[PDB]
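Peer 1: First the structure, then my questions, so here it is.
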Amino acid sequence: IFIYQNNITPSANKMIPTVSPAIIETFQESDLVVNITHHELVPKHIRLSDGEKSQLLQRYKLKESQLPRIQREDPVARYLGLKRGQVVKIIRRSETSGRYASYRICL
Amino acid sequence: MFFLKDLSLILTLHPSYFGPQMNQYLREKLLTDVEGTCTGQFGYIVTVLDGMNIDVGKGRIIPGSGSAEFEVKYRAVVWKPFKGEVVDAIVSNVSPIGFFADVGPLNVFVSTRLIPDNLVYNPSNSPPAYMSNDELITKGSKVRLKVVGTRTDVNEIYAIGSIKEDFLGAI
Amino acid sequence: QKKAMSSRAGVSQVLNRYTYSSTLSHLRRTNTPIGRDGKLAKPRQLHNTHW
Amino acid sequence: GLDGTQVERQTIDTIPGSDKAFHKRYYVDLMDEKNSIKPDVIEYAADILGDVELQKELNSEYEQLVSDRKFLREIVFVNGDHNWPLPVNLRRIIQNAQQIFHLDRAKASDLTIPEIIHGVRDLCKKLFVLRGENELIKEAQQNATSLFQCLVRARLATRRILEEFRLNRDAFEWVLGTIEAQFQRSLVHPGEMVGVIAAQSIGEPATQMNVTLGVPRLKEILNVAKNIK
Amino acid sequence: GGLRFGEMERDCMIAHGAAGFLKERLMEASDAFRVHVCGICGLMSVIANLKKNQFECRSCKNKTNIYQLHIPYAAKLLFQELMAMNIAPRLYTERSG
Amino acid sequence: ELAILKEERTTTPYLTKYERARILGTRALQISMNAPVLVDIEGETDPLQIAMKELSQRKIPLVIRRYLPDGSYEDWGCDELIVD
Amino acid sequence: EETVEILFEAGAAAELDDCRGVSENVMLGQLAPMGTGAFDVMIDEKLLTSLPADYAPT
Amino acid sequence: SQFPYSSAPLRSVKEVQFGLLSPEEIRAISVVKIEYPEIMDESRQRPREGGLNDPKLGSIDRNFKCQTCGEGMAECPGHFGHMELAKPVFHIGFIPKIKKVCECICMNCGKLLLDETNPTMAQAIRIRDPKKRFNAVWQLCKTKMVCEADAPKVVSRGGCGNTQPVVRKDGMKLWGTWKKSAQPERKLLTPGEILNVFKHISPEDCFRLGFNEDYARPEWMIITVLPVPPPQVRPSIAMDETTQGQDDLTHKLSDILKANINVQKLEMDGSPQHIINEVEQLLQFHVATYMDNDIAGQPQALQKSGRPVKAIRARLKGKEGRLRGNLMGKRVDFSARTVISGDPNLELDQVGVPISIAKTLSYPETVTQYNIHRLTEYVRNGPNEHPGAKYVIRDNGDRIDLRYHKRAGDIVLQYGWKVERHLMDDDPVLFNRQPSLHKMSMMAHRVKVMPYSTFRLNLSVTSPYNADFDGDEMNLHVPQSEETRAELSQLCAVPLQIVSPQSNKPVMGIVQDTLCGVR
Amino acid sequence: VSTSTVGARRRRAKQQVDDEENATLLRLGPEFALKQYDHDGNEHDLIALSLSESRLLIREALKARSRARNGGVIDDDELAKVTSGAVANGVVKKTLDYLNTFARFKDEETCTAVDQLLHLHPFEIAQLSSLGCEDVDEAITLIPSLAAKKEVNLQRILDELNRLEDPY
RNA sequence: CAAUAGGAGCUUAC
DNA sequence: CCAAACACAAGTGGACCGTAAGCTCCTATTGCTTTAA
DNA sequence: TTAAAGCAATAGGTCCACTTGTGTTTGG
Ligand SMILES: [Mg+2]
Ligand SMILES: [Zn+2]
Ligand SMILES: [Zn+2]
């Protein structure tokens with residue numbers, strides 16, 4: 001994780017994905033001042049494991065492309081270090097049922 | 001030549017026939033319907049292996065008409081000729097312009113120009129037949145004859161052979 | 001006649017003879033050719049100067 | 001998982017009030033003589049006092065009620081609102097049960113506490129929005145009916161059932177069976193065109209309608225705008 | 001003339017879930033038609049002689065794999081106009097992938 | 001291949017409104033096409049009402065095949081789904 | 001919307017239409033996989049074979 | 001059942017596969033080559049074969065049959081011809097994509113400007129969607145201005161090394177600017193040269209840009225032979241009992257034929273290069289406006305009445321076009337309309353139907369052994385008395401009209417036959433008021449036959465319809481089968497819509513005098 | 001009407017000259033693919049039946065359907081009767097008499113023996129059980145494809161075949 | 001046993 | 001500091017605008033030149 | 001000298017996408 005201050009230039013930015021097998025993510029300090037997962041409108045995201053993702057797909061008789069989706073650049077996917085194909089589980093308030101579990105897959 | 005062929009036949013059933021021994025009625029309908037028919041894509045359907053034990057499955061009611069559709073899948077035996085394949089036969093007819101030989105369910109006729117020239121026809125022999133010195137073609141004979149043509153007509157097909165080639169003709 | 005498009009339509013109309021007052025009103029009618037292509041509700045409004 | 005014609009506004013009774021009011025409505029004590037069931041309502045009144053193998057079940061019930069209170073107050077309805085559209089109307093069920101079985105004359109009730117507790121527990125484990133032995137199926141099923149279970153447990157509490165509604169065993173079995181069947185009737189049917197119904201349900205009110213509101217604001221929302229008025 | 005069963009009437013029938021009624025309004029109460037398609041090319045280029053019981057797609061040189069379809073006459077006309085603009089709509093009666 | 005065994009059938013055990021409507025329509029069309037009638041016909045001559053009597057007595061011989069979004073399906077005879 | 005442009009793009013890219021929607025089944029006059037058309041109605045044999053043997057096809 | 005028997009099995013469309021039509025298949029499916037412009041022979045009775053009204057194209061007359069399929073007007077679909085063009089022309093609906101492909105590919109050797117060597121394109125290839133893949137390859141490959149022969153020892157990728165032009169669009173003419181090395185010589189790209197360049201694209205190259213080998217080949221976006229639609233798509237009409245004008249498409253095809261022949265009068269004799277371009281461009285413009293007469297920045301193909309030509313695109317779009325005017329909604333039989341009135345004495349799910357409408361509309365009731373007496377009474381009653389019947393349908397589709405039949409007493413009804421009896425009490429009918437804003441604006445009612453030509457409604461159902469009785473009219477749709485009767489009565493019936501899902505409250509109440517009176 | 005596992009065969013842009021039949025050159029048609037399928041779509045080896053297996057199968061099917069018709073209770077001219085229709089009886093009688101006029105293997109025992117011995121392309125596999133041949137010459141000239149496979153073994157296989165051939 | 005099309009204009013009920 | 005590779009912003013494009021219904025009225029190519037009787 | 005048939009000829013405001021030009025980074 002490479003926390004920077006002002007900006008990361010695209011020429012530098014292109015080296016970020018070409019450094020396999022390590023992973024480099026960057027955040028700007030101004031963005032990190034508030035932790036957004038503590039916000040009341042942001043429910044708790046929990047990345048699933050591979051076995052649990054397989055269980056989720058089989059329980060619903062689903063393909064990966066038939067799930068609601070989340071961008072890798074989503075602030076909470078960025079905050080969680082989500083890689084492509086990983087599924088978060090989002091438990092949230094429900095005024096009709098009390099509790100509702102949502103799942104989104106990463107683009 | 002005979003091939004074992006998996007084939008199907010979609011059917012329509014009136015609601016009036018919806019009784020307790022329906023499936024056997026459809027089996028009898030299949031046996032009457034298919035035992036004898038020709039199709040240009042398969043050949044000739046002589047019999048059906050295990051006729052009484054075909055599975056009709058579950059039919060679906062067509063919306064708007066009320067008649068049932070069945071995909072009665074089964075494995076049967078079909079007989080199809082191919083040009084350039086050798087097929088045995090027995091002669092049925094005789095004529096100055098050639099003779100007819102029954103092949104499988106069909107009857108094959110060979111023309112005069114496609115016959116070894118040592119064979120000579122005779123309208124006056126008893127019995128009337130083609131002859132030669134050391135070759136004979138009379139009624140009841142066997143003929144190992146090649147197929148060199150097959151036109152596909154939906155109901156009845158016809159194959160025209162040629163006995164002009166070696167190892168062929170009277171046997 | 002050959003320029004029917006780009007020409008004003010409905011400038012002449014069949015005189016309404018259903019009843020007498022309908023005729024009298026048809027003879028005193030007015031039309032602003034703004035057109036219905038456009039949802040500006042301002043020119044459709046009864047205005048003070050209409051008095 | 002419910003069809004939108006089948007739900008009616010109902011009060012969730014564990015939400016409102018002070019802790020003292022909550023305690024007085026719902027908490028029972030077996031050893032304590034005064035704060036127990038009023039003796040003149042049940043057949044088995046004298047056998048109740050002093051027991052322990054039943055005060056355990058009463059405490060479990062009260063702790064489940066406190067769990068519901070905390071859940072609804074802190075997660076679901078943080079602002080205190082307790083009148084929400086929900087499936088089967090239980091006031092009407094209770095009043096119909098009173099009418100059919102003639103609950104007058106304040107008769108000695110033959111409805112034991114353990115039977116009440118186990119009846120409500122089984123009912124809470126009988127409301128099927130999703131069927132299957134899978135584990136995500138079980139989790140989704142329990143998340144689906146959490147609010148409705150909160151309602152059913154806030155209403156069918158032991159003190160309330162025995163004192164305020166005075167149901168006997170027959171009325172109790174009838175209320176439970178009716179809750180099963182009417183909840184099974186409140187579910188949306190597979191095949192519903194909920195998208196067309198929702199589109200019409202949203203568009204029709206627009207025909208009757210310095211913050212921007214009404215049709216221009218709805219147009220801004222649906223025509224997702226990078227800037228708004 | 002007849003009354004227009006417009007788009008909003010179709011929306012209301014869809015909300016009601018009455019699929020058979022919608023199909024019956026749009027087909028048997030209106031321009032229902034029958035066309036023959038080629039089982040190989042899926043174009044309505046099948047030459048049909050119903051009294052002689054003979055069919056042929058001359059492009060595919062086909063006489064056995066031909067299917068009939070009941071479709072709105074307006075749909076047949078739409079497909080023919082698309083063919084007139086070199087677009088080939090191919091109607092297939094079975095899924096492959 | 002795509003059929004589901006009668007044990008792991010995870011759909012509702014209750015006949016839905018659309019299934020009931022279509023089943024009644026199809027049965028009415030069948031009886032109106034001189035199909036045999038399983039119930040005892042006492043008074044009524046309308047094929048739809050006869051179909052309703054048969055449906056209530058669980059004597060309508062039809063099957064609902066409930067397709068899942070992935071193409072698989074479950075089979076339920078009408079007589080084993082519960083009608084309200 | 002954009003009917004002609006969308007049809008041209010579908011032609012130029014060889015789009016395959018799976019015919020699972022509502023409108024697509026509407027324009028072809030077919031039963032939509034919707035409401036009453038979201039299932040199929042088969043013929044049950046186990047219940048049928050209980051009938052009297054005289055109600056049979058001849 | 002109103003279709004004569006065909007032996008093929010009837011099935012329904014599960015998959016639609018769009019795509020272009022190749023010239024080979026266009027020639028193959030055709031039935032007659034079209035070359036003579038003039039419509040009639042010489043105004044001479046069964047016009048010139050090889051013209052736009054060749055009987056091979058099909059029949060549009062009631063007492064004549066199709067010379068191609070031998071079927072009546074009812075069954076003959078119409079048959080396509082073809083009309084070879086002297087020069088190839090652009091398909092008007094593909095010029096932007098032709099330009100994009102021209103920018104993407106090497107215009108000399110038919111190869112992609114960049115390979116999988118460059119990892120950006122090596123990953124842009126990896127998109128499954130044809131359109132996203134095409135966009136991701138064009139957004140990169142469009143800027144390299146040479147077909148490098150070496151992939152970035154000397155290893156040759158097979159490239160050529162020719163520079164790339166800067167494509168631009170001005171109307172229907174594709175300009176390509178070659179900036180040599182100063183003066184960039186800008187030349188016109190004709191449809192034929194682009195067609196030749198496009199035929200050279202290899203199958204795998206074709207796959208990378210997102211096209212298809214079997215269905216959509218990039219050169220099939222250039223027209224070289226034109227299909228001629230049957231006269232069904234462009235039928236003639238009669239104005240005053242003896243006169244006929246051809247449809248717009250027919251005159252447009254005639255103009256195209258004139259243009260084609262004028263093109264074939266230039267490459268056969270003197271043509272000083274300022275007539276070849278003019279006449280070929282006339283052909284291009286006629287072909288373009290035959291398909292799309294709404295092209296920006298040019299005049300429209302006009303009629304001698306001053307109106308523009310009704311192009312096919314204009315045929316297909318809009319509220320009144322094919323899709324929304326004939327497919328999303330259409331006019332239907334077995335419907336009625338009249339003013340509505342209120343009746344306090346009707347039940348909630350009852351509608352009062354005028355006698356005249358009850359006799360004009362009809363329901364087909366299959367004859368069975370439970371309704372044969374009643375149906376024979378209806379047949380004897382006739383189509384002028386209620387309850388009667390209008391038609392008898394035999395088991396093969398033959399209609400017995402009971403008006404002109406003088407011997408209505410001598411009809412015995414067979415089993416399985418069908419009688420199209422009158423509208424009768426308790427029939428479920430769909431009843432509807434526009435606009436139909438929600439599912440409860442169109443509901444199924446039970447019929448009660450009444451005099452006095454208005455429709456009668458119980459007054460509590462006027463709220464879901466938003467109706468009142470000061471001029472309103474409402475529509476009535478009669479279901480023509482048992483499936484639709486059951487669907488109406490079990491899903492759309494008035495009692496079933498009392499509670500709405502919009503706000504989980506009732507929509508029908510007590511109104512407008514019963515409320516005041518009950519207070 | 002009559003269809004089978006052969007389904008779409010959809011139209012690719014290109015055609016194929018290799019579509020005409022020539023039974024001398026192993027070209028049979030797009031109905032006898034080198035790897036067949038079954039009625040469950042599962043893969044399955046092509047079937048090319050000699051006269052013996054087919055005769056046994058047809059006799060078996062006819063007698064099974066006769067026992068089924070009889071409730072559970074000898075000659076081709078009679079055994080072909082089980083079909084329905086005069087044309088059916090005629091075609092099956094001619095086929096069965098053709099089988100019994102050229103059936104060198106008149107039992108299941110020798111059919112099983114040749115099945116074991118043979119199991120190479122099933123076409124020629126069945127044609128060897130169908131076409132009696134003295135030496136290598138008849139096989140390699142009447143069946144011209146045995147040349148370019150370099151696994152012949154025709155000598156001893158044919159020897160044992162004609163040895164197992166019953167008298168007549 | 002067979003009753004044109006396209007336009008414009010004025011209106012009806014929301 | 002002059003060069004290639006590459007990104008962002010601005011301007012000029014296009015497409016669409018409730019539903020259903022009724023009636024009446026007008027127009028459906030016209031004019032000029034050439035050929036044949 | 002007149003009539004019929006065929007061919008030719010005129011003068012509303014928003015948003016999104018694509019293309020071109022000018023600025024930034026890395027560096028020969
Ligand atoms: Mg009104
Ligand atoms: Zn074809
Ligand atoms: Zn090149």
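Each chain in the structure tokens gets a letter, A, B, ..., in the order shown, and its residues are numbered from 1; ligands are numbered from 1 in order too.
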Can you tell me, as a list in words, which residues in region 11-85 of chain A count as alpha helix (DSSP H) by DSSP?
Peer 2: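 Everything in region 11-85 of chain A that counts as alpha helix (DSSP H) is residues 11, 12, 13, 50, 51, 52, 53, 54, 55, 56, 57, 58, 59, 75, 76, 77, 78, 79 and 80 of chain A.
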Peer 1: Residues of chain G within 9 Å of chain D, counting only C-alpha atoms, what are they? List them as a PyMOL selection string.
Peer 2: chain G and resi 33-39
Peer 1: Got a sec to pull out which chain F residues are within 12 Å of chain D, counting only C-alpha atoms, and send them as a PDB file with C-alpha atoms, in the first residue's frame?
Peer 2:
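Written out: iface-v1.pdb:
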ATOM      1  CA  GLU F   7     -36.528 -35.086  -2.700  1.00  0.00           C
ATOM      2  CA  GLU F   8     -34.538 -31.886  -3.359  1.00  0.00           C
ATOM      3  CA  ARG F   9     -37.541 -29.964  -4.715  1.00  0.00           C
ATOM      4  CA  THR F  10     -37.139 -26.548  -3.097  1.00  0.00           C
ATOM      5  CA  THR F  11     -40.058 -24.645  -4.618  1.00  0.00           C
ATOM      6  CA  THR F  12     -43.252 -23.717  -2.811  1.00  0.00           C
ATOM      7  CA  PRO F  13     -45.631 -26.621  -2.053  1.00  0.00           C
ATOM      8  CA  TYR F  14     -48.579 -24.325  -2.876  1.00  0.00           C
ATOM      9  CA  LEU F  15     -50.260 -23.827  -6.243  1.00  0.00           C
ATOM     10  CA  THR F  16     -49.682 -20.237  -7.335  1.00  0.00           C
ATOM     11  CA  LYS F  17     -52.333 -17.990  -8.875  1.00  0.00           C
ATOM     12  CA  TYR F  18     -50.827 -18.217 -12.372  1.00  0.00           C
ATOM     13  CA  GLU F  19     -50.449 -21.985 -12.223  1.00  0.00           C
ATOM     14  CA  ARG F  20     -54.039 -22.311 -11.021  1.00  0.00           C
ATOM     15  CA  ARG F  66     -41.390 -25.018 -12.963  1.00  0.00           C
ATOM     16  CA  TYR F  67     -38.365 -23.669 -14.836  1.00  0.00           C
ATOM     17  CA  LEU F  68     -35.528 -22.198 -12.804  1.00  0.00           C
ATOM     18  CA  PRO F  69     -33.536 -19.192 -14.091  1.00  0.00           C
ATOM     19  CA  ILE F  82     -51.750 -27.664  -2.066  1.00  0.00           C
ATOM     20  CA  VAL F  83     -54.679 -25.539  -3.275  1.00  0.00           C
ATOM     21  CA  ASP F  84     -56.130 -22.837  -1.032  1.00  0.00           C
TER      22      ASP F  84
END
Peer 1: Residues contacting ligand 3 - anything with an atom at most 6 Å away, using only C-alpha atoms (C1' of nucleotides) and all ligand atoms - can you give me those as a list in words?
Peer 2: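 Written in the requested form, the residues are residues 106, 108, 109, 111, 147, 159, 160, 161 and 162 of chain H.
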Peer 1: Using only C-alpha atoms (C1' of nucleotides) and all ligand atoms, which residues have at least one atom no more than 8 Å from ligand 1? Output them as a PDB file with N, CA, C and O atoms (P, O5', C5', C4', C3', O3' and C1' of nucleotides), in the first residue's frame.
Peer 2:
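Written out: result21.pdb:
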ATOM      1  N   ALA H 467     -63.069   7.034 -14.152  1.00  0.00           N
ATOM      2  CA  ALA H 467     -64.129   7.361 -15.091  1.00  0.00           C
ATOM      3  C   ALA H 467     -65.260   8.113 -14.405  1.00  0.00           C
ATOM      4  O   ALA H 467     -65.458   8.024 -13.192  1.00  0.00           O
ATOM      5  N   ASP H 468     -66.012   8.857 -15.211  1.00  0.00           N
ATOM      6  CA  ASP H 468     -67.301   9.397 -14.814  1.00  0.00           C
ATOM      7  C   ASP H 468     -68.210   9.321 -16.029  1.00  0.00           C
ATOM      8  O   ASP H 468     -67.844   8.768 -17.071  1.00  0.00           O
ATOM      9  N   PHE H 469     -69.413   9.847 -15.895  1.00  0.00           N
ATOM     10  CA  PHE H 469     -70.468   9.620 -16.867  1.00  0.00           C
ATOM     11  C   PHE H 469     -70.863  10.910 -17.569  1.00  0.00           C
ATOM     12  O   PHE H 469     -72.043  11.203 -17.748  1.00  0.00           O
ATOM     13  N   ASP H 470     -69.879  11.692 -17.991  1.00  0.00           N
ATOM     14  CA  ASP H 470     -70.127  12.946 -18.690  1.00  0.00           C
ATOM     15  C   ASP H 470     -69.529  12.949 -20.091  1.00  0.00           C
ATOM     16  O   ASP H 470     -69.021  13.964 -20.563  1.00  0.00           O
ATOM     17  N   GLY H 471     -69.564  11.805 -20.769  1.00  0.00           N
ATOM     18  CA  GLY H 471     -69.054  11.742 -22.122  1.00  0.00           C
ATOM     19  C   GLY H 471     -68.123  10.579 -22.368  1.00  0.00           C
ATOM     20  O   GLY H 471     -67.838  10.230 -23.514  1.00  0.00           O
ATOM     21  N   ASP H 472     -67.646   9.971 -21.288  1.00  0.00           N
ATOM     22  CA  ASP H 472     -66.619   8.949 -21.394  1.00  0.00           C
ATOM     23  C   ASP H 472     -67.093   7.750 -22.190  1.00  0.00           C
ATOM     24  O   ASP H 472     -68.283   7.434 -22.248  1.00  0.00           O
TER      25      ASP H 472
ATOM     26  P     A J  13     -65.147  16.370 -23.402  1.00  0.00           P
ATOM     27  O5'   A J  13     -64.599  15.175 -22.513  1.00  0.00           O
ATOM     28  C5'   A J  13     -65.332  13.971 -22.379  1.00  0.00           C
ATOM     29  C4'   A J  13     -64.455  12.844 -21.902  1.00  0.00           C
ATOM     30  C3'   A J  13     -63.394  13.206 -20.878  1.00  0.00           C
ATOM     31  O3'   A J  13     -63.896  13.338 -19.564  1.00  0.00           O
ATOM     32  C1'   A J  13     -62.436  11.857 -22.554  1.00  0.00           C
ATOM     33  P     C J  14     -63.246  14.409 -18.558  1.00  0.00           P
ATOM     34  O5'   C J  14     -61.681  14.144 -18.680  1.00  0.00           O
ATOM     35  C5'   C J  14     -60.900  13.948 -17.508  1.00  0.00           C
ATOM     36  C4'   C J  14     -60.028  12.721 -17.620  1.00  0.00           C
ATOM     37  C3'   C J  14     -58.600  12.858 -17.118  1.00  0.00           C
ATOM     38  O3'   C J  14     -58.492  12.703 -15.714  1.00  0.00           O
ATOM     39  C1'   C J  14     -58.580  11.848 -19.251  1.00  0.00           C
TER      40        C J  14
END
Peer 1: Counting only C-alpha atoms (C1' of nucleotides) and all ligand atoms, what are the residues, protein, DNA or RNA alike, that approach ligand 2 to within 8 Å? I want them as a list in words.
Peer 2: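 Checked against 8 Å with only C-alpha atoms (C1' of nucleotides) and all ligand atoms; the hits are residues 37, 38, 39, 40, 41, 42, 43, 44, 45, 46, 57, 58, 59, 60, 61 and 62 of chain E; 29 of chain H.
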Peer 1: Return the single residue from E:34, E:10, E:52, E:23 that is closest to chain D, with distances computed using only C-alpha atoms.
Peer 2: E:10
Peer 1: Can you tell me how far CA of residue 66 (chain A) sits from CA of residue 95 (chain E), in Å to one decimal?
Peer 2: 19.8 Å
Peer 1: Between H:26, H:86, H:239, H:346, which has the minimum distance to chain K (counting only C-alpha atoms (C1' of nucleotides))?
Peer 2: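 Answer, going by the shortest atom-to-atom distance: H:239.
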Peer 1: Return as an MDAnalysis selection string the residues belonging to chain G that are within 12 Å of chain K, counting only C-alpha atoms (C1' of nucleotides).
Peer 2: chainID G and resid 1:5
Peer 1: Please, which residues of region 28-102 of chain A, numbered as in this document, come out strand (DSSP E) from DSSP, as a PDB file with C-alpha atoms, in the first residue's frame?
Peer 2:
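Saved to result.pdb:
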ATOM      1  CA  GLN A  28      -4.316   9.617  -1.338  1.00  0.00           C
ATOM      2  CA  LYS A  44     -20.376  -3.712   6.715  1.00  0.00           C
ATOM      3  CA  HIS A  45     -18.602  -5.375   3.786  1.00  0.00           C
ATOM      4  CA  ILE A  46     -16.952  -8.766   4.317  1.00  0.00           C
ATOM      5  CA  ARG A  47     -14.990 -10.347   1.477  1.00  0.00           C
ATOM      6  CA  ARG A  69     -21.456  -6.113  -9.280  1.00  0.00           C
ATOM      7  CA  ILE A  70     -18.956  -3.805  -7.621  1.00  0.00           C
ATOM      8  CA  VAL A  87     -17.369 -11.491  -3.639  1.00  0.00           C
ATOM      9  CA  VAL A  88     -18.207  -9.322  -0.649  1.00  0.00           C
ATOM     10  CA  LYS A  89     -21.169  -9.988   1.630  1.00  0.00           C
ATOM     11  CA  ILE A  90     -23.096  -6.897   2.719  1.00  0.00           C
ATOM     12  CA  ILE A  91     -25.478  -7.147   5.683  1.00  0.00           C
ATOM     13  CA  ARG A  92     -27.743  -4.132   5.939  1.00  0.00           C
ATOM     14  CA  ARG A  93     -30.840  -2.680   7.555  1.00  0.00           C
ATOM     15  CA  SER A  94     -34.191  -3.779   6.129  1.00  0.00           C
ATOM     16  CA  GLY A  98     -35.192  -6.480   9.773  1.00  0.00           C
ATOM     17  CA  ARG A  99     -32.028  -7.923   8.254  1.00  0.00           C
ATOM     18  CA  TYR A 100     -30.951  -8.526   4.671  1.00  0.00           C
ATOM     19  CA  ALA A 101     -27.726 -10.007   3.304  1.00  0.00           C
ATOM     20  CA  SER A 102     -26.470  -8.726  -0.043  1.00  0.00           C
TER      21      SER A 102
END
Peer 1: With a distance cut-off of 10 Å and only C-alpha atoms (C1' of nucleotides), select the neighbouring residues of residue 185 (chain H), excluding the residue or stretch itself and same-chain residues fewer than 6 positions from it, and output the selection as a list in words.
Peer 2: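 Counting only C-alpha atoms (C1' of nucleotides), the residues come to residues 165, 176, 177, 178 and 179 of chain H.
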Peer 1: Could you dump the residues just selected with N, CA and C atoms as a PDB file, in the first residue's frame?
Peer 2:
ATOM      1  N   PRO H 165      -3.950   6.401 -44.060  1.00  0.00           N
ATOM      2  CA  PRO H 165      -4.629   7.664 -44.352  1.00  0.00           C
ATOM      3  C   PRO H 165      -5.474   8.140 -43.178  1.00  0.00           C
ATOM      4  N   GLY H 176      -9.916   9.873 -47.734  1.00  0.00           N
ATOM      5  CA  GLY H 176      -8.767   9.436 -46.961  1.00  0.00           C
ATOM      6  C   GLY H 176      -7.529  10.254 -47.255  1.00  0.00           C
ATOM      7  N   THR H 177      -7.017  10.950 -46.246  1.00  0.00           N
ATOM      8  CA  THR H 177      -5.900  11.871 -46.424  1.00  0.00           C
ATOM      9  C   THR H 177      -4.577  11.149 -46.184  1.00  0.00           C
ATOM     10  N   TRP H 178      -3.774  11.015 -47.235  1.00  0.00           N
ATOM     11  CA  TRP H 178      -2.426  10.471 -47.121  1.00  0.00           C
ATOM     12  C   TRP H 178      -1.440  11.614 -46.920  1.00  0.00           C
ATOM     13  N   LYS H 179      -0.785  11.647 -45.761  1.00  0.00           N
ATOM     14  CA  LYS H 179       0.203  12.682 -45.457  1.00  0.00           C
ATOM     15  C   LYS H 179       1.574  12.083 -45.757  1.00  0.00           C
TER      16      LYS H 179
END
Peer 1: List the neighbours of region 1-12 of chain A out to 9 Å using only C-alpha atoms (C1' of nucleotides); skip same-chain residues closer than 3 positions along the sequence, and give me the result as an MDAnalysis selection string.
Peer 2: (chainID A and resid 15:16 23:30) or (chainID L and resid 25:26)
Peer 1: So that I can see what lies close to region 1-12 of chain J, please list as a list in words the residues with an atom at most 6 Å from it, counting only C-alpha atoms (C1' of nucleotides) and leaving out residues fewer than 3 positions away in the same chain.
Peer 2: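 Counting only C-alpha atoms (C1' of nucleotides), the residues come to residues 10 of chain C; 237, 238 and 239 of chain H.
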Peer 1: Any chance you can output those residues with N, CA, C and O atoms as a CSV table (one decimal), in the first residue's frame?
Peer 2:
chain,number,residue,atom,x,y,z
C,10,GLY,N,-53.6,25.3,-41.9
C,10,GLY,CA,-54.8,25.8,-41.2
C,10,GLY,C,-55.1,27.2,-41.2
C,10,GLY,O,-55.8,27.7,-40.3
H,237,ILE,N,-52.5,0.6,-55.1
H,237,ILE,CA,-53.8,0.9,-54.5
H,237,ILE,C,-54.7,1.5,-55.6
H,237,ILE,O,-54.2,1.9,-56.7
H,238,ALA,N,-56.0,1.7,-55.3
H,238,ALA,CA,-57.0,2.2,-56.3
H,238,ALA,C,-57.5,3.5,-55.7
H,238,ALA,O,-58.0,3.5,-54.6
H,239,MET,N,-57.6,4.5,-56.6
H,239,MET,CA,-58.0,5.8,-56.1
H,239,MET,C,-59.5,6.1,-56.4
H,239,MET,O,-60.2,6.4,-55.5
Peer 1: I'd like the neighbourhood of residue 56 (chain A) as a ChimeraX atom specification, where a residue qualifies if any of its atoms comes within 12 Å (using only C-alpha atoms (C1' of nucleotides)), though same-chain residues fewer than 4 positions away should be ignored.
Peer 2: /A:48-52,60-64,67,86-89,101-105 /D:134-137,139-140
Peer 1: Mind checking which residues fall within 9 Å of region 43-49 of chain I, counting only C-alpha atoms (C1' of nucleotides), ignoring those fewer than 6 positions away in the same chain, and posting them as a PyMOL selection string?
Peer 2: (chain B and resi 2-4) or (chain I and resi 32-37+121-127)
Peer 1: What's the separation between CA of residue 432 (chain H) and CA of residue 73 (chain E), in Å to one decimal place?
Peer 2: 25.8 Å
Peer 1: Provide as a PyMOL selection string the residues of chain B at most 8 Å from chain F, counting only C-alpha atoms.
Peer 2: chain B and resi 15-19+63+65-66
Peer 1: Choose the residue, out of F:56, F:1, F:24, F:71, that has the smallest atom-to-atom separation from chain A; count only C-alpha atoms.
Peer 2: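 For chain A, the nearest of the candidates is F:71.
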